[PDB]
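Enquirer: Here you go, one structure.
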Amino acid sequence: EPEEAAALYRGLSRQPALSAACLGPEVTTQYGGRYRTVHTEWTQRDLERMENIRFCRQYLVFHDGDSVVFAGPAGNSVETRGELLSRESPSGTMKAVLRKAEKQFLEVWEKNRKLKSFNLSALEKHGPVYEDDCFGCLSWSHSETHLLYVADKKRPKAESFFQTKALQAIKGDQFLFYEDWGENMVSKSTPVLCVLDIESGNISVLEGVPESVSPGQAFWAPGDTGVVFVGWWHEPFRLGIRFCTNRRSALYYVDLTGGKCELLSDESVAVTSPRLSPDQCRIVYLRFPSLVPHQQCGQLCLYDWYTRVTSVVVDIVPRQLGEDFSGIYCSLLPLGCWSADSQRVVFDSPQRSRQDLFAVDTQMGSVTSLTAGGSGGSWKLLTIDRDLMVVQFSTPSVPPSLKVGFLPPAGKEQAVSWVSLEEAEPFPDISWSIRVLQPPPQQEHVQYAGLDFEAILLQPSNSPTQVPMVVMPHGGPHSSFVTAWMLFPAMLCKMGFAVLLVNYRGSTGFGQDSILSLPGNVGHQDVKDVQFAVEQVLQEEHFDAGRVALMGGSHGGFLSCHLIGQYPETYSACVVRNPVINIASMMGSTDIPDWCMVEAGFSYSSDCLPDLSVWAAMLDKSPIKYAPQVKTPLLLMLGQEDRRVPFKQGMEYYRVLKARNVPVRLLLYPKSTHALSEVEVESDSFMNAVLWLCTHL
Amino acid sequence: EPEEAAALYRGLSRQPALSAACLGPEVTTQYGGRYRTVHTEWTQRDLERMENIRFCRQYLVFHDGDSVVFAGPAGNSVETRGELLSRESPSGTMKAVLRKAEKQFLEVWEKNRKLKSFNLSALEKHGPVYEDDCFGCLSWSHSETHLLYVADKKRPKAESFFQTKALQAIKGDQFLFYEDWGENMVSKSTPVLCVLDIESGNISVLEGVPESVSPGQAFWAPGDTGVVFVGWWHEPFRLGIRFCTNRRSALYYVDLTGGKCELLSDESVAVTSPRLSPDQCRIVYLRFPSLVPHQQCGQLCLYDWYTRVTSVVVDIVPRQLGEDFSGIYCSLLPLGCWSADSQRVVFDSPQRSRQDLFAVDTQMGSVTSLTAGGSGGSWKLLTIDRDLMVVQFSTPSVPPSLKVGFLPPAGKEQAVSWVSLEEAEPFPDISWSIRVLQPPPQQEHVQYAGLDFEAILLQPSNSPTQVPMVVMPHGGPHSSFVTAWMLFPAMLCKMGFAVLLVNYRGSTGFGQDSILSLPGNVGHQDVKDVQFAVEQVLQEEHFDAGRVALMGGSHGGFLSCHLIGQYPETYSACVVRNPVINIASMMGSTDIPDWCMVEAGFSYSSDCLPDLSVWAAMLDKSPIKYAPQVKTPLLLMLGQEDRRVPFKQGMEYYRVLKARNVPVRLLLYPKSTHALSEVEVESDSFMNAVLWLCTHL
Amino acid sequence: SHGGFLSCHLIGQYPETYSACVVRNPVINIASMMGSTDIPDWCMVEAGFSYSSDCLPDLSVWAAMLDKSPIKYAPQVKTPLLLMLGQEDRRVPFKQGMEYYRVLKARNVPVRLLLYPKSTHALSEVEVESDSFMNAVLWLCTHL
Amino acid sequence: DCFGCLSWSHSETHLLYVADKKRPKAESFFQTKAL
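Chains as they are written, first to last, in the entry's author numbering: chain A, 9 to 109, 117 to 182, 199 to 495, 498 to 730; chain B, 9 to 109, 117 to 182, 199 to 495, 498 to 730; chain C, 587 to 730; chain D, 148 to 182.
This is the structure:
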């Protein structure tokens, strides 16, 4: 019944999520106690006004130098609006904010006064500011006198030929084509570094950057003598940048005065996420050697500012290093990741089906797991300052909660003590577990033999008893599910279903061999893995084999279609979001053409031409080949403005199915682009999916 | 030079102002220390975006029960937007907010979640919510299950005769006239009490209110058995309500269920600002006996809820009670004004030219001054909870600052200790003093003999030396200047001028005799008082008698025009804002017609008719009579949408002066109504005034 | 349209005869165009096969379609080119021109591209039509 | 010019034309209703 589903959706979506945190300066009282403040940003979904609202909250922590004595709240929640970026000064006395209230303003606050405000639009020195997580940045000087950020390059003015003038500007150039960076990057062509002087108020665009690189993720060099940034190559043409770490880039340093850029790394592989040590003597960054896959295991590299020597701290892990580490599969290090002594780095990464926090000693090279053991969970580090770590913890049956802790001395990280700041009420209805699956001998290649995969099973606890099941493979194909808080699986579990999330071979967190085993075999290996997992779960758990449903999006939807074509007597429903149907036709219309070439089994090369062999191979691997066998009812959700997967892919499948009189229902959202992240769109899609599954099962 | 003036205006206007404060619940730590949080709201002027911005800040206070041990900040400032009203729950665990984000929403917050949100517009049970300080309110139940507020009454739907219908609503009634409440109250005709249930979400409009009274300022009765409110009479027609305490009203109580209103006071005089004691056994309110003047000295009345007995705590003060008290001249008591034991009431009031805090013991009746002595200043109480007072302090040479303190036991209030929370940097350039003036024997009436008045003198310290002077009389005529932070006088002092603010006989804070001495003598008494003050100051201080200027608004412009007409060889410039020129023509076009009748010397009665004597008396007292003698250059600023003083008053004077070829400059703002409170309008007017004065002097 | 198809074929097969070329919403790759246009039967009829609903991609049909497209001759183009495209086109999707533009630019050939975000297929808006005609005339005069 | 038309009757009392078909009204699940 729709009413119960709507009430349940309201109740479940009433849970907030944490997004950021920063620490304030230390304070000493006359009595002797020492305390400091913690700032946190939360986001929530409001259905009445249909929007994502953000608020800021503050907490107080009393410590004794190496132990947390007390922790409490410090007021109520305040809702903000129009905040794009913010950054506290190194000394914690001023705050810089970017606000879009439309024009963009830069604001400097101190104590209970807005010290200064600049209208960037009026100055007319650049375009809109980059507020994303790929190029955007906002950095202070060590002297706290200048600000550094990135903004779109300025375009020359143009006008039409037949424009009257009162009784300069290029004529006929107002419709030139400027290439952007792909999905969710519309109108973002070429960024530039901008330096602003707080005292006077003069903005300057740095000169010296190479003419064929887009700069980003910059910070001031030691001594405020220059700027260090990461340059992405955009020649001969731009490729997709979202969720893709295999884009050529390098690390550069340029002086404030006019000069020549200096190279600090190798200009043949991918690099990203540089961080400067507290003592201003070394840098650490992430390096990805190969450009074939869009997501892989990376290396941690160290660079010494004075000796100019580069070394490798953490290398590639083929299968498993020890029994607690599997490699670095993240793409961004925390803004604060250095310990006080400037000898250790703390980060987080996926291990198997969970997410853990690790500490690395840049001197020796050992990696220690802080959250090893237990039943599992999802940890996320938000910041570390003077050996005080702030983290978020969540599980499939417990919404996010906040915690703080002190990093123990060297050689004792396995004894960290956590103190709760904000806790969430668990749901005792949901029970979750992990299943390990070993592929049968036939479905194994000689090159990589002995690999296994996993699945996460969610079921209603305390059941009387045949139960229906819903199976979800993830997108990617280089991604994975972690034992964190997920809304829709929780709703399905609370509505009476049993959810099975599959992590097939080729997912992140299982080693480099699993990553490299998939490419070239898409279409038969992962599909058979999912089928084997479903068969084993059905045989063991003793569920209701007559009621099984599928659900997936993007590549997962791809997989979903294949299943309902190859095993048409196993599933009784299917829901898909922006699926991939025909690779051959998709190659010439997407923003990441190398994806199709890599997945099919060939090598991407600029100035490629359509060959018969390549097209035949691509067509042989597409689910459309099995269309005349589909028999299960289908629900399709498409976003018209999608740029990663064009929406005609679903239209071809819809036409093919409808021509044969098969029950198919289609929904098209004219504005949603790829993720259907708008509150209204997401709510409507989820409600439709739940209603469809309940009606058919 | 305009550039220096603009820079000085920026620097001076960069100062924020405090507007509210509330206290959080008490917290106890394991060690034993006790602390609590303080919430403050600040407002500031931003010239880049030309708007008044509001932010919220929080502080931490550690105490020991009767002494403040420590006080510190608790984070940064957060800018809000769209907040109309807010109110913390009695237990300090939830917060209710009204937001205009256009529709209006009611939000309930708890911890780090927006617990609930209601869209009042969709429910369609009333009109826009009253967010002003005359009728608006937002109250919680003692059980914390219901909310009470006030909203506009619902109007029946209407439609035109020639309206097509698809192939109920009164026809021809869409242009009926609904009378509003006057200045700054456009579209506010008839409020109604609304009660909302948080659990379910059903709104109800209370029934039982008299058909001829507008209700407001309501709160829940003890035991949540009903509602207590103040009803203003709006028959036969409405009069102005802004800055007017002589409007007939009474105090009513009505049960939640359908019933008859019960009267709790006398329905012949003015009443306002009721407050309920912490123990829920008594109420205290302000009563104004007479309706003649728009501002006068009031009485403090006490009502016992169980014995149903009314008594007078603080009565009228003719001239002076002791040497530290002069009467209650305020119009609103603080939301929290009761001491913990429910025996004492703390408020603030103007004493002479300063503002002080007083404590009254409702048992005996004694009044004690907490801030007696010293050189002077301006104090403002914001809230008291469990004997913890939060106050604002300011002076003419020191912007506002915040302080907290503990109320001492009974009989020891003269030993309060203040602790600073936010302090402001003083300006050592400005020096201020107070002058006392005794009128000469001729300018005294037999009825009130022996009265005197005062002036505030601001001059640049450390001057080499003849100095120009600017003279300012206040509006009202029942108001006064207090030694607080004022922007424009500070700017004039810092630009080289000497400012003289006059408090002539008839101002508030000098007793009831001074209040009653003015009415009927407007035109010759106050003008002569100002002239005498100027003469005495010039003779004593040895200023530059050749350069003296005038500045005033409203009644101030009235006095300025009288001065420049009757004494045309004393002033060399004049600037006026929305002045009063002709009372006879103003009577029939303003929203407070009783003002003219009272000031002229007659009694106001509804259904009055124009008599020759009244019109002759009104014309004899107007500055226009002296127009053919004016010789000083004049600057006029007018607001077209003014409803208190129609803007044709200035136009008549402008035409009369221009017809004789006198230097006159006029500025008209199409949108500003009476106070020119818009940031752009205020800045432009102030800059024009300063430039005019500098150019002519 | 089809005129651009023929023009690209001409400038590819005979690269020593023409000194300039201007095209509006051309057809470049029939195989990729089949699954994205509003008249799929056009490609089937022109290629030489019969159109039938519920059709499936066969190797022979795709090979025949690819053999007849001007893209095959891209690595021989030598003449300067001007492209005008309408983003909201539904008869000929605008990626057809983008593929040719990328192929030509990868080899450092003088190419100029104009994209109109709103014009659909005919560029019938007065501003769009005037701008396109002026650009074409200026290009031809400059190169010839 | 493909479907549009506007025709008179021979008696000049009626008019005939063509217009888009009417669609049923729809609303979201989380839509508030008047109380």
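We treat Cβ as the ideally placed atom computed from N, Cα and C, and that holds for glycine.
Assuming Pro491 of chain B is part of the beta strand (DSSP E), what are its boundary residues?
Expert: Numbered from its first residue, the second sequence carries residue 491 of chain B at position 460. Element bounds for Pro491 of chain B: 484 to 491.
Enquirer: Three Cβ pairs or more, each shorter than 8 Å: is that satisfied between the segment 413 to 424 of chain B and the segment 23 to 38 of chain B?
Expert: yes
Enquirer: Is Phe63 of chain B close to chain A? Criterion is C-beta to C-beta, closer than 9 Å.
Expert: Counting from one through the second sequence, the residue named residue 63 of chain B turns up at place 55. True, the Cβ-Cβ gap to chain A drops below 9 Å.
Enquirer: Three Cβ pairs or more, each shorter than 8 Å: is that satisfied between the segment 55 to 71 of chain B and the segment 141 to 154 of chain A?
Expert: Counting Cβ pairs under 8 Å, fewer than three are found: no touch.
Enquirer: How many whole angstroms separate the CB atoms of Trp369 of chain B and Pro309 of chain B, which I take to be in contact at a CB cut-off of 8 Å?
Expert: For this step, residue 369 of chain B is matched to residue 338 along the second sequence. For this step, residue 309 of chain B is matched to residue 278 along the second sequence. 5 Å between Cβ atoms; contact.
Enquirer: So the candidates are B:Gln23, B:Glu9, B:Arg18; which of them puts its Cα closest to the Cα of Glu454 of chain B?
Expert: Within the second sequence, the letter at position 423 stands for residue 454 of chain B. Taking only the C-alpha atoms, the option nearest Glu454 of chain B is B:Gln23.
Enquirer: If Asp387 of chain B sits next to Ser380 of chain B, beta carbons under 8 Å apart, how far is it from one beta carbon to the other, in whole angstroms?
Expert: Here residue 387 of chain B refers to the residue found at position 356 of the second sequence. Here residue 380 of chain B refers to the residue found at position 349 of the second sequence. Contact flag correct, Cβ pair sits at about 7 Å.
Enquirer: Quick one: what's got a C-beta closer than 8 Å to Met519 of chain B's C-beta in the same chain, skipping five residues either side?
Expert: As a first step, residue 519 of chain B is located in the second sequence; it is residue number 486 there, counting from the start. Excluding residues up to 5 positions away in sequence, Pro427 lie with their Cβ nearer than 8 Å to the Cβ of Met519 of chain B in the same chain.
Enquirer: For chain A, check one thing: does any of its Cβ atoms lie closer than 9 Å to the Cβ of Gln23 of chain B?
Expert: Translated into positions along the second sequence, residue 23 of chain B becomes position 15. So, interface residue.
Enquirer: Any C-beta of chain A within less than 9 Å: which residues of the segment 449 to 473 of chain B qualify?
Expert: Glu453
Enquirer: Can you tell me which of A:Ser550, A:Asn233, A:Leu135 puts its alpha carbon nearest to the alpha carbon of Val323 of chain A?
Expert: To locate residue 323 of chain A, count along the first sequence from 1; it is residue 292. That would be A:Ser550, whose Cα lies nearest to the Cα of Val323 of chain A.
Enquirer: Report the rounded CA-to-CA distance for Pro241 of chain B versus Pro506 of chain B, giving the unit in angstroms.
Expert: Here residue 241 of chain B is taken as the residue at index 210 of the second sequence, counted from 1. Here residue 506 of chain B is taken as the residue at index 473 of the second sequence, counted from 1. Each residue's alpha carbon lies about 43 Å from the other.
Enquirer: Could you list which residues in chain C have their beta carbon closer than 8 Å to that of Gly83 of chain A, in chain order?
Expert: The residue given as residue 83 of chain A occupies position 75 in the first sequence. What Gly83 of chain A touches in chain C: nothing, since even the nearest Cβ is about 48 Å away.
Enquirer: Tell me which residue opens and which closes the beta strand (DSSP E) that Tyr702 of chain B is part of.
Expert: Position 669 of the second sequence holds residue 702 of chain B. Start and end: 697 to 702.
Enquirer: Once the 5 residues before and after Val663 of chain A are set aside, which same chain residues still bring their CB inside 7 Å of it?
Expert: Residue mapping note: residue 663 of chain A aligns to position 630 of the first sequence, counting from 1. Counting only Cβ-Cβ distances below 7 Å, and skipping sequence neighbours, we find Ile597, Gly598, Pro601, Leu690, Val695.
Enquirer: Could you confirm whether any beta carbon from chain B is found closer than 9 Å to the beta carbon of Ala166 of chain D?
Expert: Numbered from its first residue, the fourth sequence carries residue 166 of chain D at position 19. No - not a single Cβ of chain B is within 9 Å of the one on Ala166 of chain D.
Enquirer: If we ignore side chains and look at the alpha-carbon of each, how far apart do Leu317 of chain A and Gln330 of chain A end up?
Expert: Counting from 1 along the first sequence, the entry for residue 317 of chain A is found at position 286. Counting from 1 along the first sequence, the entry for residue 330 of chain A is found at position 299. Going by the C-alpha atoms only, they are around 6 Å apart.
Enquirer: Listed from N- to C-terminal order along the chain, which residues in the segment 167 to 182 of chain A have their beta-carbon within a distance smaller than 8 Å of any beta-carbon of chain C?
Expert: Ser175, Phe176, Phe177
Enquirer: Is it buried or exposed, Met619 of chain C, if we count other Cβ atoms within 10 angstroms and call 16 or more buried?
Expert: Position 33 of the third sequence, counted from the start, is the residue given in the question as residue 619 of chain C. Buried: at least 16 other Cβ atoms inside 10 Å.
Enquirer: Among B:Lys527, B:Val532, B:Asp644, whose alpha-carbon lies nearest the alpha-carbon of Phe514 of chain B?
Expert: Reading the second sequence from its first residue, position 481 is the one you call residue 514 of chain B. For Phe514 of chain B, the nearest C-alpha among the options comes from B:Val532.
Enquirer: So the candidates are B:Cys292, B:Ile61, B:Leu282, B:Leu237; which of them puts its Cα closest to the Cα of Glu711 of chain B?
Expert: Position 678 of the second sequence, counted from the first residue, corresponds to residue 711 of chain B. The closest CA to that of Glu711 of chain B, considering only B:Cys292, B:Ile61, B:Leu282, B:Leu237, is found on B:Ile61.
Enquirer: Identify the continuous beta strand (DSSP E) that holds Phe521 of chain A and give its terminal residues.
Expert: The residue given as residue 521 of chain A occupies position 488 in the first sequence. Note, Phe521 of chain A: premise wrong, no beta strand (DSSP E); alpha helix (DSSP H) at 520 to 527.
Enquirer: Return the CA-CA distance between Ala582 of chain A and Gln469 of chain A, expressed in angstroms with no decimal places.
Expert: Mapped onto the first sequence, residue 582 of chain A falls at position 549. Mapped onto the first sequence, residue 469 of chain A falls at position 438. So the two alpha carbons sit approximately 23 Å from each other.
Enquirer: Within a Cβ cutoff of 7 Å, which residues of the same chain sit near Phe521 of chain A, ignoring the five residues on either side of it in sequence?
Expert: For the purposes of this step, residue 521 of chain A is taken as the residue at position 488 of the first sequence. These residues qualify, in order along the chain: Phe719.
Enquirer: Counting C-beta neighbours from all protein chains within 10 Å, is the total for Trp212 of chain B 16 or more, i.e. buried, or is it exposed?
Expert: As a working note, residue 212 of chain B is residue 181 in the second sequence. Flag for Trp212 of chain B reads buried.
Enquirer: Could you check whether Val609 of chain B and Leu669 of chain B sit closer than 9 Å to each other, using their CB atoms as the reference points?
Expert: The residue given as residue 669 of chain B occupies position 636 in the second sequence. The residue given as residue 609 of chain B occupies position 576 in the second sequence. Contact flag set, yes.
Enquirer: Taking Cβ-Cβ distances below 7 Å as the criterion, which residues of the segment 714 to 725 of chain A are in contact with chain D?
Expert: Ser716, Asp717, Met720
Enquirer: So what does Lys103 of chain B bridge to, in DSSP terms?
Expert: Indexing the second sequence from 1 puts residue 103 of chain B at position 95. The partner list for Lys103 of chain B (beta bridge, DSSP) reads B:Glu96, B:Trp124.
Enquirer: To which residues of the same chain is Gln545 of chain A closer than 6 Å at the C-beta, ignoring the five residues directly before and after it?
Expert: One-based indexing of the first sequence puts residue 545 of chain A at position 512. If the five residues before and after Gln545 of chain A are omitted, its C-beta is found closer than 6 Å to the C-beta atoms of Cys328, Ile347, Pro349, all from its own chain and listed in chain order.
Enquirer: Quick one: is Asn493 of chain A buried, meaning 16 or more other Cβ sit within 10 Å of its Cβ, or exposed?
Expert: Sequence index remark: in the first sequence, residue 493 of chain A carries index 462 (1-based). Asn493 of chain A comes out exposed.
Enquirer: What residues from the segment 120 to 139 of chain A come within 7 Å of chain B, judged by C-beta to C-beta, listed N to C?
Expert: For the segment 120 to 139 of chain A, the beta-carbon criterion of a distance under 7 Å to any beta-carbon of chain B is satisfied by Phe120, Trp124, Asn127, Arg128, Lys129, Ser132, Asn134.
Enquirer: In this structure, how does DSSP classify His588 of chain B when only helix, strand and coil are distinguished?
Expert: As a first step, residue 588 of chain B is located in the second sequence; it is residue number 555 there, counting from the start. If DSSP states are grouped into helix, strand and coil, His588 of chain B belongs with the helices.
Enquirer: Any contact between the segment 213 to 222 of chain A and the segment 279 to 291 of chain A? By contact I mean 3 or more CB pairs, one from each, below 8 Å.
Expert: no
Enquirer: Taking Cβ-Cβ distances shorter than 7 Å, what residues in chain A pair up with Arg693 of chain C?
Expert: Start at 1 with the first residue of the third sequence, and residue 693 of chain C comes out as number 107. Result: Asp640.
Enquirer: Identify which residue in A:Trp155, A:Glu713, A:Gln474, A:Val723 has its Cα closest to the Cα of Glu174 of chain D.
Expert: Taking the fourth sequence and counting its residues from 1, the one referred to as residue 174 of chain D is at position 27. Answer by Cα proximity: A:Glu713.
Enquirer: Pairs of beta-carbons, one from the segment 629 to 644 of chain C and one from the segment 647 to 667 of chain A, closer than 8 Å: are there three or more?
Expert: yes
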